[PDB]
Amino acid sequence: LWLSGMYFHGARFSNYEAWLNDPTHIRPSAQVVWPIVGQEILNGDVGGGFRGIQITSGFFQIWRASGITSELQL
Amino acid sequence: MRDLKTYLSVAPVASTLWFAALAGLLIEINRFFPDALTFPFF
Amino acid sequence: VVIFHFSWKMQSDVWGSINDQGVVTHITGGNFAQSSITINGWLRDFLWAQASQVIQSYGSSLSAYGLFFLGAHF
Amino acid sequence: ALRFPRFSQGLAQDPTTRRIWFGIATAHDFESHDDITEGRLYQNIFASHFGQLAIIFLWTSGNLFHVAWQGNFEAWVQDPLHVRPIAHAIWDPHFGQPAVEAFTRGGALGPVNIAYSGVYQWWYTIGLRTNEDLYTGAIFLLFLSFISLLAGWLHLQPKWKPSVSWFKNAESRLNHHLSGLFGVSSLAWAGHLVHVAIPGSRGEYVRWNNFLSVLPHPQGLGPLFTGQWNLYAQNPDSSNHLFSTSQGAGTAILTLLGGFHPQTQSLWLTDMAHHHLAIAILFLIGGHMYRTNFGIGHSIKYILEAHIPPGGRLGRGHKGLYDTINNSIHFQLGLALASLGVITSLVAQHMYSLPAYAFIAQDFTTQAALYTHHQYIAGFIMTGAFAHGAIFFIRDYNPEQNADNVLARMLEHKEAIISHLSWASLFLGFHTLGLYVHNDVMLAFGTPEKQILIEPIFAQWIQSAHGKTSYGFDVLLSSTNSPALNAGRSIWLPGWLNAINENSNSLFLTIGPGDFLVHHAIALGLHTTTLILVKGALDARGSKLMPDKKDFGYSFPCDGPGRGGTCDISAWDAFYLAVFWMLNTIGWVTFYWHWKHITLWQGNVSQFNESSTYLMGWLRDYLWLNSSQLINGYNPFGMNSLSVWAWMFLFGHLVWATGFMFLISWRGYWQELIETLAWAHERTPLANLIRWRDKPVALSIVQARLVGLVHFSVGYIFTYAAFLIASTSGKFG
Amino acid sequence: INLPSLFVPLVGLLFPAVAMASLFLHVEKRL
Amino acid sequence: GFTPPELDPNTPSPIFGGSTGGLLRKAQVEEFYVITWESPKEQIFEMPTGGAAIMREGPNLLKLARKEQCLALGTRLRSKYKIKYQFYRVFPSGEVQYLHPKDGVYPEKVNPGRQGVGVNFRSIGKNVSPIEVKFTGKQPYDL
Amino acid sequence: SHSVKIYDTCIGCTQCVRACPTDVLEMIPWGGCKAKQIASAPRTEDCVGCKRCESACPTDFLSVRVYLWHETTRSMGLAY
Ligand code: CLA
Ligand code: CLA
Ligand code: CLA
Ligand code: CLA
Ligand code: CLA
Ligand SMILES: CCCCCCCCCCCCCCCC(=O)OC[C@H](COP(=O)(O)OC[C@@H](O)CO)OC(=O)CCCCCCCCCCCCCCC
Ligand SMILES: CC1=C(/C=C/C(C)=C/C=C/C(C)=C/C=C/C=C(C)/C=C/C=C(C)/C=C/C2=C(C)CCCC2(C)C)C(C)(C)CCC1
Ligand code: SF4
Ligand code: SF4
Ligand SMILES: [Ca+2]
């Protein structure tokens, strides 16, 4: 179930495709937050026309080493 | 089914539900009346 | 202690930026060889100097880390 | 006996190393020694007092001698604002040459220490000018030390030891201590100020060899007996006076002005002479209350027994408290320590706001050092005041002799006292921590206008009532025609209103939201420390989990693991827990004082007023920001004179952490380790030819708690002292 | 002729030496 | 009135390989203990100091360094096996002292030849306050 | 040697004697309870002070009490 969540978040709330386009400028991000009490400030400019939380689990590197190139595979 | 109704009233489940509902209520209140420092009505 | 040793050593003598002419500038200046040998160098050049990023994140998208720093101390 | 220690036979027959440890830590608990009487206990305590008096005189002798010998005083008297006072010389053979060069300052001819006790300002204020005065004083103190020792010896032989019922004459002692010890001493101090120091700050050098030949006032002792005292204040020092000179000097010896001296930013000397005279009169008159050999006065016991309200709401009132207090020494010690602790932090609060010494308000490091020293000592004194109450309840309390008076009634509703203390401290903790976290979150999200900033309108009102005009309240002394401002406008109100409305002294600093929040944190600390100490006292005779605790003593480990477990159930253990909270509370107080003052001394008050309302502000802008110079005291590129503090800072961090060991690890683990080591040694060749004489054992449980707590608070004091001194001394501003 | 040159050593080295041997011999003595 | 047995040396000992948990200098200069039992057959059992030993068929004689060791071994022997044991205290003089069971019966069974030691005839809530015994060397529970 | 005292609220359940690891306690005949039994402590020079007996007593409050006192070799549990 935890793996299912990781792949779904990479597929749905992420900037993985743009990072795939330019890996050394886009910093990876697969979690966005709702604008409830001003907390949307946590949705930062991670590059690629996207605003969220920069992740450090290294999942984009795994998905690139796997051959994954579209969000449909995720 | 009766056993399920009992189980759902055990302490951790009851508190979980109570606080999730309370959280939804306060969240929606603050989404409607944001940034309140005073009682601006009367 | 293991993770402190690895974190300071990598920034000091491994990580950094290289120029087209080929002159490597490390994140920290390379001060592990001469400041790691005293305890004062660990307190000064590692903890005090690198906690700056987290004690200055209020107002940015890294402010959740500033909140968690203090919560964890608590 | 036949072994150390002599006072305990039970310890002397202990064949393990315990015998030595406990031998040292029981040496002054006279009531627990073999063959103890009442007379032996009282006489031991009397001689011990005399020993402590000798100690104090020898210590102050040392300070005087050493700044007269290796010191800086003479050059300091010529320019108090542009020279650093020396404490003593450094001789350390482990020094290298650069450190030798680094510590040589103040004009000395070699490595020295700068003093922060403030003795140059104090001695300069009262009259001492050249090194011969300091030498003179040191020799006199040596003499008084020797005399103290002689009296201590003399009052231990027969033919000179007093009886227990001499020590129990309370009316006599109070008459003498009130009119003799407090009144006569204050009168003689008013004398020293009138005769030596008021002239000293006007150019003249009155000493023993000429003082019978110098008038203190132009018309000596005339006015006093003719009745017209006002002539003694007919010509004050003008407000352009230079302290140790005649330029702008007056002739008055007693005044009531209120303000500060313009040049030294200090209290007037004539004000202090007049104050000491006034209170000496009050003490002398009030020391004639109780009855003695002359057939007039009061019986304390009768006053205590007559004070019972009809309607019986206080039960039997105070009937029988004279003998409860007179017969218990722990009761008396608890009372003494409580009064002394309160007035010690009163000393702390009044010495920074109304400085008495000339050029001490301009020496910032000495201000911070003195304040922190006196607050921490007051906190320790408070914890002791409460500890001896629990010792009294266990050892000397007699229930049947106190039946239904105020004391037994205190014992009778202990639940209602503890429950309400608990409620108060819960309330304060919840709301204070909650508002701080609210504010921190508000600023992490970039919305500082969403903060909850309560304004302290009551303290602002009280400051207005003293004549402050920063909040436009216009109440007493701040209004126009009120009888309060009207009745004092002639005497002290000009000087007072001039000083209180200046904003570069520390007389009633401006306050705001940050002051409100930290004051409620201080209240939380006081309430929780009181809860711990009071619970420990009121439960020391027994509780429901152990109803016979009084049969076990003040301090003992536990009652085993039965009934759920009884770790830390003695009253000693309540004291031990309360010391942690005392340290935390004094920490909050002194952090508040030092941050406020360090931003005021830099002309950057808005920094405190903006950063004090959320805890990241305290962590970053006070702790982190003010640490750079201290931790750069020595580095790969060299050392400067902050080196000794950079070192000490780390010492304090080390000792503290070692205290965690003794506090988290407990005894069984270590005892098994030691059994292993004993085997190892007894089995190894050329080393088993050596035999210990005490079987080694792990430390005791109570002993381990005490040793852990000692390491913890030593580390505490040392690290904070190093940081405070290095961060004020580094800026010297 | 330097005064600390004598007092700092003996108060720092020999005073505790003699006092520790003193107190050891006293504290391990059965009378 | 129950003469106690004698210590019969030349009683064999269990089959042990040796261990660093046995006697030490205290047994040379202060005291040590000795337990003896019966063992219907040869069997293995856990030494109260180290690993495992084999008790021999017939009488068994073990030397230990503490009374608690002897008593823990005896409790193990008496419940898990059905064995009778006795233990003794030997001094460096060469003097034995039958120790347990003292009067022939086990102390959890009441024997009619015993006196009361350390019995107060009142409840524990009726001890005096410490103030009643101050300056005189007794203790409130002494009474 | 520690002190161990028995109080007359004892119901003679013997649970304390069964628990002692050094054989300090003993049952003796009595007449003040249904069991005609009472505990006694004849051998307090061997008491290590573990309070294993107090955890076993069922009366309220306790009927056996252990007061820790002067320490010896046997009391400290030293094998060397
Ligand atoms: C940062 C450390 C810390 C903290 C926060 C506390 C806090 C407290 N101590 Mg304590 N103490 C400490 C260290 C600490 N202590 C240390 C080192 C010692 C020495 C051993 C002591 C010894 C000590 C004693 C002896 C006593 C206390 C008491 C108290 C309570 C005082 C009442 C109060 O202020 O109301 C509440 C204040 C709080 C700060 C509570 C904060 C927690 C809030 C409620 C968090 C809310 C939870 C939130 C919903 C999310 C939950 C997360 C989820 C996963 C659960 C309080 C809860 C006294 C007491 O019990 O009072 C009755 C008392 O007797 N302390
Ligand atoms: C309690 C007061 C006191 C204190 C804290 C000090 C502290 C110090 N003294 Mg000093 N001293 C004192 C009183 C004091 N002295 C007195 C009253 C005299 C005679 C007037 C001297 C004469 C003196 C000389 C000549 C020298 C020092 C030196 C020193 C420093 C080096 C350490 C040392 O060698 O010890 C002190 C050595 C002594 C010989 C002092 C002996 C005289 C005192 C009275 C001894 C008291 C011991 C007493 C029995 C125990 C009291 C109990 C309590 C203090 C624990 C040190 C900072 C040396 C120095 O300057 O270092 C750079 C130096 O050479 N002292
Ligand atoms: C006039 C007669 C007289 C006088 C002067 C004294 C004086 C004294 N007696 Mg005594 N006594 C007397 C009669 C007298 N007694 C009689 C008749 C009896 C029999 C009933 C006793 C029975 C008696 C006993 C049993 C004891 C004393 C004790 C003491 C000493 C108290 C300890 C001390 O010195 O602290 C000094 C106190 C002060 C200087 C006054 C208090 C100052 C307050 C707290 C604050 C000061 C404020 C100010 C800012 C400080 C300046 C600081 C700056 C300089 C740094 C003291 C010197 C104790 C003792 O002798 O120890 C050996 C003690 O054990 N007395
Ligand atoms: C005038 C003040 C005063 C006086 C006369 C007494 C007198 C007494 N106290 Mg008491 N007490 C006081 C204040 C006072 N206390 C204060 C202020 C506190 C709060 C800290 C306490 C808390 C307290 C407790 C909890 C207890 C006593 C006990 C006692 C009695 C025996 C003390 C003893 O000799 O044990 C021996 C003395 C020691 C073991 C002191 C050595 C260890 C100290 C703590 C280490 C010092 C730190 C270190 C060396 C310095 C820094 C190291 C270096 C690197 C700088 C005795 C009658 C004890 C008692 O027997 O009950 C009646 C008891 O348990 N007191
Ligand atoms: C900073 C705090 C601190 C320190 C210094 C220590 C130190 C030590 N711990 Mg400990 N521990 C701590 C915290 C600390 N612990 C805490 C918080 C806990 C709770 C979890 C524990 C729990 C714990 C356990 C369970 C054990 C230890 C053990 C040990 C010892 C390991 C053997 C060793 O390394 O010898 C070397 C000594 C040192 C490295 C200390 C520094 C040496 C200094 C620098 C030498 C200076 C000498 C100096 C000149 C002396 C002369 C001064 C003169 C004035 C007298 C050692 C002495 C283990 C042990 O005992 O091993 C056998 C053991 O099992 N610790
Ligand atoms: C400047 C000198 C500083 C010391 C001044 C204090 C002494 C004056 C008052 C003492 C009263 C003596 C009471 C009778 C006490 C008395 O003399 O009785 C003699 C004593 C026998 O003890 P008792 O059987 O009388 O025990 C009864 C006790 O309850 C009385 O305290 O034998 C000893 O001398 C033991 C010596 C151990 C010494 C331990 C060394 C301690 C080192 C520090 C000692 C103090 C130095 C302090 C400097 C920091
Ligand atoms: C346990 C115990 C004990 C101890 C106790 C204690 C420790 C206590 C304390 C306490 C405290 C610590 C207290 C405090 C207090 C205070 C007070 C009570 C106050 C006051 C005052 C007032 C009322 C004021 C007034 C005024 C004026 C004068 C002017 C200006 C204004 C005003 C208003 C401020 C004893 C031994 C006894 C006994 C046993 C038990
Ligand atoms: S405390 Fe332990 S050794 Fe002592 S009598 Fe009780 S059970 Fe036996
Ligand atoms: S456990 Fe208590 S009641 Fe039972 S026999 Fe022992 S002392 Fe008596
Ligand atoms: Ca002012």
# chains A, B, ... in the order shown; residues from 1 in each chain; ligands from 1
$ residues_near_ligand --ligand "ligand 1" --cutoff "8 Å" --atoms "only C-alpha atoms and all ligand atoms" --output "number ranges by chain"
C: 74; D: 421-423, 425-430, 433, 524, 528-529, 531-532, 574, 577-578, 580-581
$ write_last_selection --atoms "C-alpha atoms" --output "PDB file, in the first residue's frame"
ATOM      1  CA  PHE C  74      11.033  20.315  22.520  1.00  0.00           C
TER       2      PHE C  74
ATOM      3  CA  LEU D 421      -1.422  24.730  42.610  1.00  0.00           C
ATOM      4  CA  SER D 422      -1.704  22.023  39.950  1.00  0.00           C
ATOM      5  CA  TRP D 423      -4.612  23.778  38.236  1.00  0.00           C
ATOM      6  CA  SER D 425       0.395  25.674  36.706  1.00  0.00           C
ATOM      7  CA  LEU D 426      -1.511  23.654  34.095  1.00  0.00           C
ATOM      8  CA  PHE D 427      -3.392  26.790  33.037  1.00  0.00           C
ATOM      9  CA  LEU D 428      -0.255  28.912  32.726  1.00  0.00           C
ATOM     10  CA  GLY D 429       1.686  26.253  30.836  1.00  0.00           C
ATOM     11  CA  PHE D 430      -1.110  25.521  28.372  1.00  0.00           C
ATOM     12  CA  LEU D 433       3.203  27.599  25.293  1.00  0.00           C
ATOM     13  CA  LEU D 524       4.535  29.321  35.306  1.00  0.00           C
ATOM     14  CA  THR D 528       5.478  24.683  39.233  1.00  0.00           C
ATOM     15  CA  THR D 529       8.541  24.873  41.467  1.00  0.00           C
ATOM     16  CA  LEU D 531       3.991  22.852  43.529  1.00  0.00           C
ATOM     17  CA  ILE D 532       6.872  20.378  43.633  1.00  0.00           C
ATOM     18  CA  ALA D 574      10.876  15.993  45.680  1.00  0.00           C
ATOM     19  CA  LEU D 577      13.207  17.119  41.208  1.00  0.00           C
ATOM     20  CA  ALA D 578      12.507  20.740  42.163  1.00  0.00           C
ATOM     21  CA  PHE D 580      15.742  21.119  37.909  1.00  0.00           C
ATOM     22  CA  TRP D 581      12.720  23.413  37.700  1.00  0.00           C
TER      23      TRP D 581
END
$ interface_residues --of "chain E" --to "chain D" --cutoff "6 Å" --atoms "only C-alpha atoms" --output "JSON, numbers by chain"
{"E": [27, 30, 31]}
$ write_last_selection --atoms "N, CA and C atoms" --output "compact mmCIF listing (two decimals), in the first residue's frame"
# COMPACT_ATOMS: atom_id res chain seq x y z
N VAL E 27 42.48 7.64 56.50
CA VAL E 27 41.15 7.10 56.26
C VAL E 27 41.17 5.58 56.17
N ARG E 30 42.73 1.53 60.97
CA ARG E 30 41.85 0.95 61.98
C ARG E 30 42.47 1.16 63.35
N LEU E 31 41.81 1.95 64.18
CA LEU E 31 42.30 2.18 65.53
C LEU E 31 41.81 1.09 66.47
$ residues_near_ligand --ligand "ligand 4" --cutoff "7 Å" --atoms "only C-alpha atoms and all ligand atoms" --output "list in words"
residues 24, 25, 26, 27, 28, 29, 30, 337, 380, 381, 382, 383, 384, 385, 387, 388, 391, 554, 555, 572, 575, 710 and 714 of chain D
$ residues_around --residues "residue 33 of chain C" --least-positions-apart "6" --cutoff "9 Å" --atoms "only C-alpha atoms" --output "number ranges by chain"
C: 9, 12-13
$ write_last_selection --atoms "C-alpha atoms" --output "short mmCIF file (atom, residue, chain, number, x, y, z; two decimals), in the first residue's frame"
data_model
loop_
_atom_site.label_atom_id
_atom_site.label_comp_id
_atom_site.auth_asym_id
_atom_site.auth_seq_id
_atom_site.Cartn_x
_atom_site.Cartn_y
_atom_site.Cartn_z
CA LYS C 9 33.78 15.30 4.92
CA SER C 12 34.64 19.75 2.59
CA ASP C 13 36.60 17.49 0.16
#
$ residues_near_ligand --ligand "ligand 3" --cutoff "10 Å" --atoms "only C-alpha atoms and all ligand atoms" --output "PyMOL selection string"
chain D and resi 42-43+45-54+119+122+148+151-152+162+164-186+189+339-340+343-344+347+351
$ residues_around --residues "residue 42 of chain C" --least-positions-apart "4" --cutoff "10 Å" --atoms "only C-alpha atoms" --output "MDAnalysis selection string"
chainID C and resid 4:5 8 32 35:38 46:49
$ write_last_selection --atoms "C-alpha atoms" --output "CSV table (one decimal), in the first residue's frame"
chain,number,residue,atom,x,y,z
C,4,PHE,CA,28.2,14.0,11.1
C,5,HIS,CA,31.7,12.7,10.0
C,8,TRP,CA,31.2,17.4,6.9
C,32,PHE,CA,37.8,19.4,7.5
C,35,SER,CA,39.2,22.1,12.0
C,36,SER,CA,37.9,18.6,12.6
C,37,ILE,CA,40.8,17.8,14.9
C,38,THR,CA,39.5,19.9,17.8
C,46,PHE,CA,30.0,22.5,11.6
C,47,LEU,CA,27.1,23.1,14.0
C,48,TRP,CA,27.0,26.9,14.3
C,49,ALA,CA,27.9,27.6,10.7
